[PDB]
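Single-structure report; data block below.
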Amino acid sequence: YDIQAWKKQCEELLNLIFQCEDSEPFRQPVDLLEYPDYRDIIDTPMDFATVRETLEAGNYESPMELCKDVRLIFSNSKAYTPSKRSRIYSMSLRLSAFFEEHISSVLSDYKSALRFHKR
Ligand SMILES: Cn1c(=O)ccc2ccccc21
């Protein structure tokens, strides 16, 4: 029933993600010299360094907010890919499966802790 425990849990999950080779294209903003049409397709850029900095600044109130930004990384990759077989899209799908497998207990524990607080 610890309402604050999600923050360290999310820091540890982001450290695992940074150690994964599949995260390398997503650790920093997409390079516009490499992909000059990117902002014609993608309205709201996101990357894992931005997510980690927002967490460390104390600018997430809940793990739901962090999960929305991570899911935006993956939806942007799906929208920009020219093919569902592309190398960088293929990396995003494996990273998404890993993230969803680990975030489910973080979300469930936080929501249970808040319900106990409000009982
Ligand atoms: C830059 N980039 C992305 O950021 C995401 C998907 C993708 C797929 C193929 C080629 C480049 C790509």
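Along the sequence shown, the residues carry numbers beginning at 1. In each ligand, atom 1 is the first atom listed, and ligand 1 is the first ligand listed. Reckoned from all heavy atoms, side chains included, excluding hydrogens, waters and symmetry mates.
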Can you sort out which atoms of ligand 1 are near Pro82, meaning under 4.0 Å from one of its heavy atoms?
-> 9 (C)
Is it the side chain, the backbone, both or neither of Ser92 that has a heavy atom closer than 4.0 Å to ligand 1?
-> neither
Would you mind listing which atoms of ligand 1 come within a distance below 4.0 Å of any non-hydrogen atom of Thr81?
-> 8 (C), 9 (C)
For atom 4 (O) of ligand 1, closest protein heavy-atom neighbour = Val30 CG2, 3.7 Å
Side chains of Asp31 and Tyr38: donor-acceptor distance under 3.5 Å anywhere?
-> no
Taking the six-membered ring of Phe116 (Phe, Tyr or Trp), confirm whether the NZ or CZ of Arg119 is under 6.0 Å from its centre and within 45° of its axis.
-> yes
Where do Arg94 and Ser90 land on the side chain to side chain contact (heavy atoms under 4.5 Å, CB included) test, with the steps shown first?
-> CA-CA 7 Å; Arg94 292 190 293 265; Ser90 80; 4.1 Å; yes
What atoms in ligand 1 come closer than 4.0 Å to a heavy atom of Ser77?
-> 5 (C), 6 (C)
Compare every heavy atom of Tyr1 with every heavy atom of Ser112, then report the nearest pair and how far apart it is.
-> OG-CE2, 3.9 Å
Atom 3 (C) of ligand 1: nearest protein contact (heavy atom, Å) | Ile88 CG2, 3.8 Å
Are any side-chain N or O atoms of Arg39 and backbone N or O atoms of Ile42, one a donor and one an acceptor, separated by less than 3.5 Å?
-> yes
Which of the atoms in ligand 1, numbered in the order shown and given with their element, are less than 4.0 Å from a heavy-atom of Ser86?
-> 8 (C), 9 (C)
Minimal non-hydrogen separation, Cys20 against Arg27, with atom names = O-NH2, 2.9 Å
